[PDB]
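The file query.txt contains compact mmCIF, C-alpha atoms and all ligand atoms:
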```txt
# COMPACT_ATOMS: atom_id res chain seq x y z
CA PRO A 1 -9.96 13.35 25.89
CA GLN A 2 -6.20 12.99 25.29
CA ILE A 3 -4.38 11.68 22.21
CA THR A 4 -0.85 10.30 22.45
CA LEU A 5 1.65 10.58 19.63
CA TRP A 6 3.20 7.13 19.16
CA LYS A 7 0.98 6.84 16.07
CA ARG A 8 0.09 9.48 13.47
CA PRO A 9 -2.92 11.36 15.04
CA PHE A 10 -5.58 10.77 12.41
CA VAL A 11 -9.21 11.67 13.15
CA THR A 12 -12.36 11.20 11.09
CA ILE A 13 -13.93 14.42 9.80
CA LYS A 14 -17.31 14.95 8.12
CA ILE A 15 -17.09 17.59 5.38
CA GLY A 16 -18.99 18.18 2.16
CA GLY A 17 -21.19 15.21 3.06
CA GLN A 18 -18.10 12.99 3.03
CA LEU A 19 -16.21 11.12 5.73
CA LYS A 20 -12.44 11.65 5.54
CA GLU A 21 -9.37 10.89 7.61
CA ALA A 22 -7.19 13.86 8.47
CA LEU A 23 -3.96 14.36 10.42
CA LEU A 24 -4.02 16.62 13.48
CA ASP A 25 -1.04 18.87 12.65
CA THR A 26 0.08 21.52 15.10
CA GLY A 27 2.77 22.50 12.56
CA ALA A 28 0.18 23.62 10.01
CA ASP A 29 -1.28 27.08 10.12
CA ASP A 30 -4.11 26.04 7.81
CA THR A 31 -6.36 23.04 7.10
CA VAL A 32 -5.51 21.52 3.71
CA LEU A 33 -7.40 18.67 2.06
CA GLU A 34 -6.78 16.59 -1.07
CA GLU A 35 -8.90 17.28 -4.16
CA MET A 36 -12.59 17.31 -3.30
CA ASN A 37 -15.71 19.18 -4.31
CA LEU A 38 -17.04 21.88 -1.97
CA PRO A 39 -19.92 24.30 -2.54
CA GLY A 40 -19.81 28.05 -2.72
CA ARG A 41 -17.28 30.69 -3.66
CA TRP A 42 -13.54 30.13 -3.54
CA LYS A 43 -10.37 32.06 -4.36
CA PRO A 44 -6.94 30.69 -5.29
CA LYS A 45 -3.96 30.99 -2.95
CA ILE A 46 -0.33 29.85 -2.81
CA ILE A 47 0.91 27.99 0.23
CA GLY A 48 4.28 26.47 1.09
CA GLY A 49 5.42 23.45 3.07
CA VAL A 50 8.64 21.47 3.51
CA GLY A 51 8.98 20.74 -0.23
CA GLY A 52 8.01 24.07 -1.77
CA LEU A 53 4.82 25.81 -2.89
CA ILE A 54 1.47 24.59 -4.18
CA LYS A 55 -1.70 26.22 -5.48
CA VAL A 56 -4.88 25.70 -3.48
CA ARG A 57 -8.51 26.75 -3.58
CA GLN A 58 -9.64 28.62 -0.45
CA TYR A 59 -13.20 27.97 0.69
CA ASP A 60 -14.55 30.00 3.60
CA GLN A 61 -17.25 29.20 6.15
CA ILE A 62 -17.32 25.46 5.47
CA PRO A 63 -19.04 23.29 8.15
CA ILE A 64 -16.84 20.48 9.51
CA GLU A 65 -17.67 17.81 12.12
CA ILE A 66 -14.51 16.89 14.01
CA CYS A 67 -13.92 15.28 17.40
CA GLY A 68 -17.53 15.85 18.45
CA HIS A 69 -17.49 19.53 17.53
CA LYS A 70 -19.62 21.26 14.91
CA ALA A 71 -17.10 23.69 13.50
CA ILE A 72 -17.04 26.25 10.72
CA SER A 73 -13.71 26.83 9.04
CA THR A 74 -11.71 27.98 6.08
CA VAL A 75 -10.51 24.95 4.10
CA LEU A 76 -7.78 24.89 1.44
CA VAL A 77 -8.11 22.24 -1.27
CA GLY A 78 -5.13 21.15 -3.36
CA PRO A 79 -2.37 18.63 -3.95
CA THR A 80 -1.30 17.92 -0.39
CA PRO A 81 -0.07 14.33 0.13
CA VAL A 82 -2.13 13.99 3.32
CA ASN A 83 -5.30 15.67 4.60
CA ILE A 84 -4.15 17.96 7.40
CA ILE A 85 -6.05 19.73 10.21
CA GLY A 86 -4.21 22.96 11.00
CA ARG A 87 -4.25 25.37 13.90
CA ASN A 88 -7.15 27.39 12.45
CA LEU A 89 -9.43 24.43 13.33
CA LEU A 90 -7.45 23.02 16.26
CA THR A 91 -7.99 26.25 18.20
CA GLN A 92 -11.69 26.22 17.36
CA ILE A 93 -12.15 22.79 19.01
CA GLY A 94 -10.07 23.72 22.07
CA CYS A 95 -7.13 21.44 21.28
CA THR A 96 -3.89 22.00 23.18
CA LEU A 97 -0.44 20.47 23.59
CA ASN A 98 0.56 19.23 27.05
CA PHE A 99 3.82 17.87 28.46
CA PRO B 1 3.26 23.00 30.52
CA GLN B 2 0.10 23.53 28.45
CA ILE B 3 0.40 25.27 25.08
CA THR B 4 -2.48 26.95 23.25
CA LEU B 5 -2.43 26.87 19.45
CA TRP B 6 -3.63 30.42 18.71
CA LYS B 7 0.04 31.11 17.86
CA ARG B 8 2.63 28.84 16.26
CA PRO B 9 3.95 26.51 19.02
CA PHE B 10 7.63 27.49 18.97
CA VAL B 11 9.78 26.44 21.93
CA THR B 12 13.46 26.79 22.71
CA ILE B 13 15.51 23.62 22.31
CA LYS B 14 19.12 22.88 23.25
CA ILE B 15 21.12 20.64 20.92
CA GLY B 16 24.90 20.24 20.97
CA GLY B 17 25.10 23.31 23.19
CA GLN B 18 23.11 25.37 20.67
CA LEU B 19 19.85 27.11 21.53
CA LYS B 20 17.34 27.08 18.68
CA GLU B 21 13.65 27.83 18.17
CA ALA B 22 11.66 24.84 16.90
CA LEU B 23 8.01 24.10 16.07
CA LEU B 24 6.20 21.47 18.12
CA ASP B 25 4.68 19.53 15.23
CA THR B 26 2.31 16.61 15.65
CA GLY B 27 2.17 16.31 11.88
CA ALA B 28 5.86 15.47 11.62
CA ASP B 29 6.93 11.88 12.14
CA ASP B 30 10.50 12.90 13.03
CA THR B 31 12.39 15.98 14.15
CA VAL B 32 14.02 17.87 11.28
CA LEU B 33 16.34 20.80 11.82
CA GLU B 34 17.77 23.38 9.43
CA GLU B 35 21.30 22.83 8.15
CA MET B 36 23.76 22.26 10.98
CA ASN B 37 26.79 20.17 11.83
CA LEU B 38 26.37 17.18 14.12
CA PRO B 39 28.87 14.51 15.19
CA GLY B 40 28.87 10.84 14.33
CA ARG B 41 27.50 8.66 11.56
CA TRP B 42 24.51 9.59 9.42
CA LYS B 43 22.49 8.09 6.58
CA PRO B 44 20.36 9.76 3.89
CA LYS B 45 16.59 9.81 4.20
CA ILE B 46 13.76 11.16 2.06
CA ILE B 47 10.87 13.01 3.69
CA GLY B 48 7.81 14.51 2.10
CA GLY B 49 5.20 17.09 2.73
CA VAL B 50 3.32 19.95 1.18
CA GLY B 51 5.16 20.88 -1.99
CA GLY B 52 7.13 17.67 -2.39
CA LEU B 53 10.16 15.81 -1.10
CA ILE B 54 13.46 16.77 0.39
CA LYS B 55 16.64 14.79 1.19
CA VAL B 56 17.85 14.96 4.79
CA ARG B 57 20.64 13.44 6.86
CA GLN B 58 19.59 11.09 9.68
CA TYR B 59 21.72 11.18 12.85
CA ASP B 60 20.81 8.69 15.56
CA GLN B 61 21.13 8.95 19.35
CA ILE B 62 21.61 12.74 19.55
CA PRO B 63 21.03 14.39 22.97
CA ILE B 64 18.37 17.10 22.80
CA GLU B 65 16.75 19.11 25.58
CA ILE B 66 13.33 20.74 25.41
CA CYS B 67 11.92 22.86 28.24
CA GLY B 68 14.03 20.95 30.72
CA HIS B 69 13.09 17.51 29.35
CA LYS B 70 16.15 15.60 28.11
CA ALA B 71 15.93 13.02 25.35
CA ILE B 72 18.30 10.97 23.19
CA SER B 73 16.66 10.91 19.82
CA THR B 74 17.01 10.66 16.07
CA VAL B 75 17.53 14.06 14.43
CA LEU B 76 17.15 14.74 10.71
CA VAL B 77 19.06 17.68 9.22
CA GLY B 78 18.38 19.29 5.88
CA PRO B 79 16.73 22.08 3.86
CA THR B 80 13.57 22.46 5.92
CA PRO B 81 12.39 26.09 6.07
CA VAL B 82 11.87 25.82 9.85
CA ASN B 83 13.17 23.73 12.74
CA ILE B 84 10.54 21.07 13.53
CA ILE B 85 10.13 18.84 16.58
CA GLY B 86 8.43 15.64 15.49
CA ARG B 87 6.52 12.82 17.15
CA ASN B 88 9.65 10.73 17.80
CA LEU B 89 10.75 13.37 20.31
CA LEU B 90 7.34 14.56 21.42
CA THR B 91 6.60 11.04 22.69
CA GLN B 92 9.89 10.95 24.59
CA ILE B 93 9.04 14.11 26.55
CA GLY B 94 5.50 12.97 27.34
CA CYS B 95 3.70 15.38 25.00
CA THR B 96 0.04 14.69 24.13
CA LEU B 97 -2.82 16.44 22.39
CA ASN B 98 -5.75 17.36 24.64
CA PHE B 99 -9.34 18.36 23.92
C1 LIG C 101 2.56 17.82 5.67
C2 LIG C 101 2.80 17.05 7.00
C3 LIG C 101 2.10 15.66 6.98
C4 LIG C 101 4.27 16.83 7.29
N1 LIG C 101 4.98 18.10 7.58
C5 LIG C 101 4.75 18.77 8.95
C6 LIG C 101 3.78 19.98 8.88
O1 LIG C 101 3.42 20.39 10.16
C7 LIG C 101 4.44 21.16 8.16
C8 LIG C 101 5.49 21.89 8.97
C9 LIG C 101 6.00 23.09 8.22
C10 LIG C 101 5.79 24.39 8.74
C11 LIG C 101 6.24 25.52 8.08
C12 LIG C 101 6.96 25.38 6.90
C13 LIG C 101 7.22 24.10 6.40
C14 LIG C 101 6.74 22.96 7.07
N2 LIG C 101 3.35 22.15 7.98
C15 LIG C 101 2.76 22.46 6.70
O2 LIG C 101 3.13 21.97 5.66
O3 LIG C 101 1.74 23.39 6.84
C16 LIG C 101 1.32 24.09 5.66
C17 LIG C 101 -0.33 24.22 5.78
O4 LIG C 101 -0.40 25.20 6.74
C18 LIG C 101 0.74 26.24 6.43
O5 LIG C 101 1.30 26.55 7.56
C19 LIG C 101 2.83 26.08 7.42
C20 LIG C 101 3.08 25.65 6.18
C21 LIG C 101 1.73 25.36 5.56
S1 LIG C 101 6.58 18.23 6.90
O6 LIG C 101 7.11 19.57 7.28
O7 LIG C 101 6.45 18.04 5.47
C22 LIG C 101 7.58 16.90 7.66
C23 LIG C 101 7.52 15.61 7.17
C24 LIG C 101 8.23 14.61 7.77
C25 LIG C 101 9.02 14.89 8.84
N3 LIG C 101 9.80 13.85 9.49
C26 LIG C 101 9.09 16.18 9.31
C27 LIG C 101 8.35 17.19 8.73
```
Would you kindly transcribe this structure into structure tokens?
Amino acid sequence: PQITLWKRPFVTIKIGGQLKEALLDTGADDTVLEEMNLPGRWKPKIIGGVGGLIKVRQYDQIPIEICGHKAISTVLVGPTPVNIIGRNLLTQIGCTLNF
Amino acid sequence: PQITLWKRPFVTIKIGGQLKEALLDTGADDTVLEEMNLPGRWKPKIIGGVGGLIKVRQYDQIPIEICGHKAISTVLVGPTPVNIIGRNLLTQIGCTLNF
């Protein structure tokens, strides 16, 4: 389908056995979620946004259900103010911008 | 047009006779541009994202052109690391997300 942008484009995602709301964010390179538990190995990384840098945990090959797709993605976990779906996952579900 | 998200979605914008590169960002409520001079009244605004908050200047009713689509829109100016086109302008040019 098609999603307009008068409202913040939140979608429900299923990850780590949890249901979460996350913002579809074409301005994000990466998918970044608030503090949560995920299984498996991780490595720490620094990322930066509008306000400066934060430390995140990088989990690879994490299954995510989003917009009717069964995806597998890298997920960063850390102190973001909002769960964000970045282009790494938007590309994987065939999402595009159109005007 | 239609824009894939395998690369960052930068487009050329025209504002006040200036050409700039800006990110089409569905995660941003409002357009925010790197430090520049604009005419007319402004008021301070706080915005927030990854890494914290920044103070910006809010200018209303500024003409901006994107890929031949003209809008009159609110433009925030301040210490963003990148020029960002937000939902307030994306809606005015008819931009949607498509799966
Ligand atoms: C965190 C979002 C809810 C809001 N942001 C827009 C977002 O697209 C920024 C836009 C952005 C882009 C580059 C640099 C700074 C901000 N991207 C971002 O923080 O992504 C980070 C995770 O992926 C990495 O890729 C880029 C930075 C990392 S924001 O830049 O803070 C912002 C907030 C409010 C307004 N009006 C305008 C912009």
inquiry  = Excluding region 6-18 of chain A and its own-chain neighbours fewer than 3 positions away, which residues fall within 10 Å of it when counting only C-alpha atoms? Please give them as JSON, numbers by chain.
reply    = {"A": [3, 21, 22, 23, 24, 25, 36, 37, 38, 39, 62, 63, 64, 65, 66, 67, 68, 69, 70, 75, 83, 84, 85], "B": [26, 27, 28, 29, 87, 88, 89, 90, 91, 92, 96, 97]}
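Taking atom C27 of ligand LIG 101 (chain C) as the reference point, CA of residue 32 (chain B) is found at 6.3 Å.
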A:33, A:82, A:71, A:76: which is nearest residue 52 (chain B), counting all atoms listed in the file?
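Using all atoms listed in the file, residue 52 (chain B) sits closest to A:82.
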Between CA of residue 94 (chain A) and atom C19 of ligand LIG 101 (chain C) - distance in Å to one decimal
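Taking atom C19 of ligand LIG 101 (chain C) as the start and CA of residue 94 (chain A) as the end point, the length is 19.7 Å.
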Pose of chain B fitted onto chain A, C-alpha LSQ, given as a PDB file with C-alpha atoms, in the coordinates of the input:
```
ATOM      1  CA  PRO B   1      -9.922  13.214  24.335  1.00  0.00           C
ATOM      2  CA  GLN B   2      -6.149  12.935  24.822  1.00  0.00           C
ATOM      3  CA  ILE B   3      -4.017  11.752  21.901  1.00  0.00           C
ATOM      4  CA  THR B   4      -0.514  10.307  22.227  1.00  0.00           C
ATOM      5  CA  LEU B   5       1.933  10.982  19.398  1.00  0.00           C
ATOM      6  CA  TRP B   6       3.619   7.563  19.167  1.00  0.00           C
ATOM      7  CA  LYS B   7       1.481   7.108  16.023  1.00  0.00           C
ATOM      8  CA  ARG B   8       0.395   9.666  13.434  1.00  0.00           C
ATOM      9  CA  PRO B   9      -2.602  11.567  14.914  1.00  0.00           C
ATOM     10  CA  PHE B  10      -5.248  10.701  12.314  1.00  0.00           C
ATOM     11  CA  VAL B  11      -8.890  11.329  13.221  1.00  0.00           C
ATOM     12  CA  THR B  12     -12.133  10.955  11.319  1.00  0.00           C
ATOM     13  CA  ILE B  13     -13.677  14.200  10.095  1.00  0.00           C
ATOM     14  CA  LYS B  14     -17.065  14.875   8.504  1.00  0.00           C
ATOM     15  CA  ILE B  15     -17.228  17.503   5.762  1.00  0.00           C
ATOM     16  CA  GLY B  16     -20.130  17.986   3.356  1.00  0.00           C
ATOM     17  CA  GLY B  17     -21.476  14.612   4.452  1.00  0.00           C
ATOM     18  CA  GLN B  18     -18.156  12.922   3.628  1.00  0.00           C
ATOM     19  CA  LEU B  19     -16.127  10.987   6.184  1.00  0.00           C
ATOM     20  CA  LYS B  20     -12.378  11.399   5.741  1.00  0.00           C
ATOM     21  CA  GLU B  21      -9.211  10.644   7.701  1.00  0.00           C
ATOM     22  CA  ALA B  22      -7.138  13.745   8.479  1.00  0.00           C
ATOM     23  CA  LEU B  23      -3.918  14.512  10.376  1.00  0.00           C
ATOM     24  CA  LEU B  24      -4.127  16.742  13.439  1.00  0.00           C
ATOM     25  CA  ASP B  25      -1.256  19.071  12.569  1.00  0.00           C
ATOM     26  CA  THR B  26       0.000  21.828  14.837  1.00  0.00           C
ATOM     27  CA  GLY B  27       2.551  22.711  12.185  1.00  0.00           C
ATOM     28  CA  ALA B  28      -0.118  23.675   9.668  1.00  0.00           C
ATOM     29  CA  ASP B  29      -1.566  27.166   9.827  1.00  0.00           C
ATOM     30  CA  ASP B  30      -4.742  26.110   7.989  1.00  0.00           C
ATOM     31  CA  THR B  31      -6.633  22.942   7.154  1.00  0.00           C
ATOM     32  CA  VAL B  32      -5.814  21.567   3.704  1.00  0.00           C
ATOM     33  CA  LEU B  33      -7.661  18.648   2.177  1.00  0.00           C
ATOM     34  CA  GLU B  34      -6.949  16.512  -0.879  1.00  0.00           C
ATOM     35  CA  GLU B  35      -8.805  17.345  -4.083  1.00  0.00           C
ATOM     36  CA  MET B  36     -12.554  17.527  -3.541  1.00  0.00           C
ATOM     37  CA  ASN B  37     -15.562  19.535  -4.634  1.00  0.00           C
ATOM     38  CA  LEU B  38     -17.001  22.118  -2.264  1.00  0.00           C
ATOM     39  CA  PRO B  39     -19.805  24.650  -2.767  1.00  0.00           C
ATOM     40  CA  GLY B  40     -19.551  28.408  -2.910  1.00  0.00           C
ATOM     41  CA  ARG B  41     -16.892  30.959  -3.758  1.00  0.00           C
ATOM     42  CA  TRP B  42     -13.167  30.300  -3.488  1.00  0.00           C
ATOM     43  CA  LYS B  43      -9.916  32.175  -4.050  1.00  0.00           C
ATOM     44  CA  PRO B  44      -6.413  30.893  -4.854  1.00  0.00           C
ATOM     45  CA  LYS B  45      -3.783  30.699  -2.142  1.00  0.00           C
ATOM     46  CA  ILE B  46      -0.142  29.629  -2.034  1.00  0.00           C
ATOM     47  CA  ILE B  47       1.114  27.474   0.831  1.00  0.00           C
ATOM     48  CA  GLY B  48       4.579  26.164   1.477  1.00  0.00           C
ATOM     49  CA  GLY B  49       6.343  23.451   3.320  1.00  0.00           C
ATOM     50  CA  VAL B  50       9.012  20.823   3.033  1.00  0.00           C
ATOM     51  CA  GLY B  51       9.789  20.448  -0.649  1.00  0.00           C
ATOM     52  CA  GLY B  52       8.301  23.730  -1.815  1.00  0.00           C
ATOM     53  CA  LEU B  53       5.024  25.441  -2.614  1.00  0.00           C
ATOM     54  CA  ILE B  54       1.653  24.344  -3.822  1.00  0.00           C
ATOM     55  CA  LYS B  55      -1.426  26.255  -5.066  1.00  0.00           C
ATOM     56  CA  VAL B  56      -4.679  25.554  -3.229  1.00  0.00           C
ATOM     57  CA  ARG B  57      -8.259  26.801  -3.339  1.00  0.00           C
ATOM     58  CA  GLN B  58      -9.519  28.653  -0.247  1.00  0.00           C
ATOM     59  CA  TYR B  59     -13.188  28.122   0.675  1.00  0.00           C
ATOM     60  CA  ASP B  60     -14.492  30.133   3.612  1.00  0.00           C
ATOM     61  CA  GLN B  61     -17.195  29.291   6.165  1.00  0.00           C
ATOM     62  CA  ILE B  62     -17.366  25.530   5.487  1.00  0.00           C
ATOM     63  CA  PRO B  63     -19.033  23.350   8.175  1.00  0.00           C
ATOM     64  CA  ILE B  64     -16.697  20.633   9.443  1.00  0.00           C
ATOM     65  CA  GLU B  65     -17.134  18.172  12.297  1.00  0.00           C
ATOM     66  CA  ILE B  66     -14.318  16.502  14.212  1.00  0.00           C
ATOM     67  CA  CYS B  67     -14.936  13.930  16.949  1.00  0.00           C
ATOM     68  CA  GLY B  68     -18.307  15.481  17.643  1.00  0.00           C
ATOM     69  CA  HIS B  69     -16.995  19.068  17.714  1.00  0.00           C
ATOM     70  CA  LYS B  70     -18.639  21.226  15.033  1.00  0.00           C
ATOM     71  CA  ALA B  71     -16.883  24.200  13.486  1.00  0.00           C
ATOM     72  CA  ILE B  72     -17.419  26.623  10.600  1.00  0.00           C
ATOM     73  CA  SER B  73     -13.984  27.168   9.202  1.00  0.00           C
ATOM     74  CA  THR B  74     -11.809  28.011   6.234  1.00  0.00           C
ATOM     75  CA  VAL B  75     -10.836  24.924   4.223  1.00  0.00           C
ATOM     76  CA  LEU B  76      -8.054  24.826   1.635  1.00  0.00           C
ATOM     77  CA  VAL B  77      -8.261  22.205  -1.122  1.00  0.00           C
ATOM     78  CA  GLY B  78      -5.425  21.121  -3.356  1.00  0.00           C
ATOM     79  CA  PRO B  79      -2.626  18.641  -4.132  1.00  0.00           C
ATOM     80  CA  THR B  80      -1.574  17.863  -0.574  1.00  0.00           C
ATOM     81  CA  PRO B  81      -0.480  14.225  -0.171  1.00  0.00           C
ATOM     82  CA  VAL B  82      -2.591  13.887   3.001  1.00  0.00           C
ATOM     83  CA  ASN B  83      -5.638  15.531   4.557  1.00  0.00           C
ATOM     84  CA  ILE B  84      -4.408  17.966   7.235  1.00  0.00           C
ATOM     85  CA  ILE B  85      -6.289  19.680  10.058  1.00  0.00           C
ATOM     86  CA  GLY B  86      -4.569  22.967  10.806  1.00  0.00           C
ATOM     87  CA  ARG B  87      -4.463  25.442  13.672  1.00  0.00           C
ATOM     88  CA  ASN B  88      -7.415  27.484  12.365  1.00  0.00           C
ATOM     89  CA  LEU B  89      -9.663  24.512  13.138  1.00  0.00           C
ATOM     90  CA  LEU B  90      -7.731  23.076  16.051  1.00  0.00           C
ATOM     91  CA  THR B  91      -8.306  26.334  17.950  1.00  0.00           C
ATOM     92  CA  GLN B  92     -12.028  26.209  17.192  1.00  0.00           C
ATOM     93  CA  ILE B  93     -12.408  22.761  18.777  1.00  0.00           C
ATOM     94  CA  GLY B  94     -10.367  23.672  21.852  1.00  0.00           C
ATOM     95  CA  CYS B  95      -7.278  21.613  20.990  1.00  0.00           C
ATOM     96  CA  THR B  96      -4.020  22.338  22.858  1.00  0.00           C
ATOM     97  CA  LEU B  97      -0.585  20.810  23.227  1.00  0.00           C
ATOM     98  CA  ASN B  98       0.216  19.474  26.701  1.00  0.00           C
ATOM     99  CA  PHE B  99       3.467  18.508  28.406  1.00  0.00           C
TER     100      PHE B  99
END
```
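For the pair CA of residue 57 (chain B) and CA of residue 93 (chain B), the separation is 22.9 Å.
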From the list B:55, B:49, B:40, B:72, which residue is nearest chain A when using all atoms listed in the file?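 Comparing B:55, B:49, B:40, B:72 against chain A, the winner is B:49.
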Original post:
So which one's closest to ligand LIG 101 (chain C), A:1, A:78, A:86, A:44? Using all atoms listed in the file, please.
Top reply: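 Of A:1, A:78, A:86, A:44, the one nearest ligand LIG 101 (chain C), counting all atoms listed in the file, is A:86.
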Please write out, as JSON, where the centre of an axis-aligned box around all listed atoms of ligand LIG 101 (chain C) lies and how long its edges are, in Å to one decimal, after adding 6 Å on each side.
```
{"center_x": 4.7, "center_y": 20.2, "center_z": 7.8, "size_x": 22.2, "size_y": 24.7, "size_z": 16.7}
```
Extract region 2-13 of chain A from the coordinates I pasted, and write it as a compact mmCIF listing (two decimals), in the first residue's frame (atoms kept: N, CA, C and O atoms).
```txt
# COMPACT_ATOMS: atom_id res chain seq x y z
N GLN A 2 0.22 2.38 0.41
CA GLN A 2 0.79 3.73 0.37
C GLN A 2 0.53 4.36 1.73
O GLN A 2 -0.52 4.12 2.34
N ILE A 3 1.51 5.10 2.25
CA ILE A 3 1.36 5.75 3.55
C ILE A 3 1.64 7.23 3.32
O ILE A 3 2.70 7.58 2.79
N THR A 4 0.67 8.07 3.67
CA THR A 4 0.83 9.51 3.60
C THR A 4 1.58 10.01 4.84
O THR A 4 1.77 9.29 5.82
N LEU A 5 1.91 11.29 4.83
CA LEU A 5 2.84 11.82 5.82
C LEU A 5 2.28 12.99 6.62
O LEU A 5 3.06 13.70 7.28
N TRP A 6 0.96 13.16 6.66
CA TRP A 6 0.36 14.14 7.55
C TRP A 6 0.57 13.79 9.01
O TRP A 6 0.64 14.69 9.87
N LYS A 7 0.62 12.50 9.32
CA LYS A 7 0.93 12.00 10.65
C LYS A 7 2.31 11.34 10.64
O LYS A 7 2.76 10.87 9.60
N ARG A 8 2.93 11.24 11.85
CA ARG A 8 4.16 10.45 11.98
C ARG A 8 3.88 9.03 11.51
O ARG A 8 2.87 8.43 11.94
N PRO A 9 4.70 8.48 10.57
CA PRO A 9 4.46 7.12 10.04
C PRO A 9 4.97 6.00 10.95
O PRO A 9 5.99 5.36 10.70
N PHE A 10 4.20 5.74 11.99
CA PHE A 10 4.47 4.62 12.89
C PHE A 10 3.85 3.34 12.34
O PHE A 10 2.72 3.36 11.81
N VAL A 11 4.60 2.24 12.45
CA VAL A 11 4.12 0.89 12.15
C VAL A 11 4.41 0.01 13.35
O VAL A 11 5.31 0.27 14.14
N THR A 12 3.66 -1.09 13.45
CA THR A 12 3.89 -2.09 14.48
C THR A 12 4.93 -3.08 13.97
O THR A 12 4.85 -3.52 12.82
N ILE A 13 5.92 -3.38 14.78
CA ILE A 13 6.91 -4.40 14.45
C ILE A 13 6.88 -5.48 15.51
O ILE A 13 6.47 -5.23 16.65
```
